[PDB]
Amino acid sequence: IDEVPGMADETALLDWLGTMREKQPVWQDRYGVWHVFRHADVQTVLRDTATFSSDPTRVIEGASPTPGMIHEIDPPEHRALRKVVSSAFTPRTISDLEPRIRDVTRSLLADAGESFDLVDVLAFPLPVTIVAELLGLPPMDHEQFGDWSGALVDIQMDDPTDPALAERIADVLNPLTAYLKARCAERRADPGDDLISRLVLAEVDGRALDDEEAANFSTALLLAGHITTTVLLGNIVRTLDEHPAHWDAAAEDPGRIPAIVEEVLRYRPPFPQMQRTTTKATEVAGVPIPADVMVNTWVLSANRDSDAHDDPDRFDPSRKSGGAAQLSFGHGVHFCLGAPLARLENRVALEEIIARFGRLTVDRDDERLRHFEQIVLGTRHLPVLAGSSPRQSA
């Protein structure tokens, strides 16, 4: 009746979510937030944007959406802005990144010894380097860019109800946003082919982005790639380490890797929950929910729901997977804009791990392994051990 268990103890959280799907699939917590646990009900909510709005500022007095952020806005404005941003951040822009992601990955892994932190070595520097280059930032600016991004990632280790959270976020986000806004002005003066240049030049149905909107979107790209590569890649290695036969399977046929990625997403989604606000009195699975309250859709619970997935707690890459049905990227019109980049970056990273090492295991003699306590499902670091590498003279 009391409290939502924390992210850190994954077993207890998963156990609790099980009991809820079973006994209270639509639950109202002590703060008046409504949780939704079943795959079918989560889908219902995510599809009905008219009832379940993505704007959480509407019920907070003088707060308004962040300009250039598509995840806080509803149709029809949502469609119009995602059109503008996509015309810049295009499918071909992402896919063209493969050789460089591979190059950076291969270089970063070649200097890692045999015992190292997978996050410090790879999962943290790779996405920052890639986004920075995508954005067109001078190499000399990259370190500070990653410093700002890292500081924001570190904050997510902290309690979200800590009343200083908002202020701490502001002290890093402000200079980061200032920086990007100044780069947008620069590309406006002299546009090239980098993403910031495409952002300031983009226009769809007469809608163009100002430097504020362009910089905010660029900020979301940085933080999205950084946090998610850190979390998903760690989850990939942790999960494979629990089912180590797949390492050999993927070594013999690297074409098996995209399915592994999808199954790790299902099994250990970087974001276990998403939020909506009701716009009117409504119902989920016969349970009445009043107007103007927050609803939490538990992607984690839905992904483990036996009505949606056979033997839902079995790690099994052989499942049908892929595409728009990957609930870990959400569902419907807000389906992750970065899904192609996520899928690409983590596939290349896993290809390269296997290429050099054959496998990694989570280091047992090291608990630098601190789980994110809220928002994210995974760890800030992942101490690993390579049993084999090209460095062995045997």
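In case it trips you up, residue 1 is the first one in the sequence shown, and so on. Between two forms, the rigid core is the largest collection of C-alphas that superpose within 1.5 Å.
- Relative to the displayed structure, the C-alphas of 203-211 lie farther away on average in 4 other deposited structures of this protein than those of the other candidate, with 203-211 and 256-264 compared after rigid core superposition.
- Relative to the shown model and aligned on the rigid core, the C-alphas in 4 other deposited structures of this protein deviate most, among 63-71 and 332-340, for 63-71.
- If you average the C-alpha B-factors over 57-65 and over 40-48, the higher value belongs to 57-65.
- Look at the C-alpha B-factors of 102-110 and of 131-139. On average they run higher in 131-139.
- You'll see in the entry that, of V264, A291, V295, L165, the Cα B factor peaks at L165.
- Considering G234, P269, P160, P244 together, the PDB entry gives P160 the largest C-alpha B factor.
- Ranked by C-alpha B-factor against the other modelled residues of its chain, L97 falls in the middle third.
- Remark: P312 belongs to the middle third of its chain, ranked by C-alpha B-factor as recorded.
- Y31: CA B factor lies in the highest third for its chain, per the PDB record.
- In this PDB entry, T282 carries a Cα temperature factor that places it within the middle third of its chain's modelled residues.
- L369 sits in the highest third of its chain by CA B factor, as recorded in the PDB entry.
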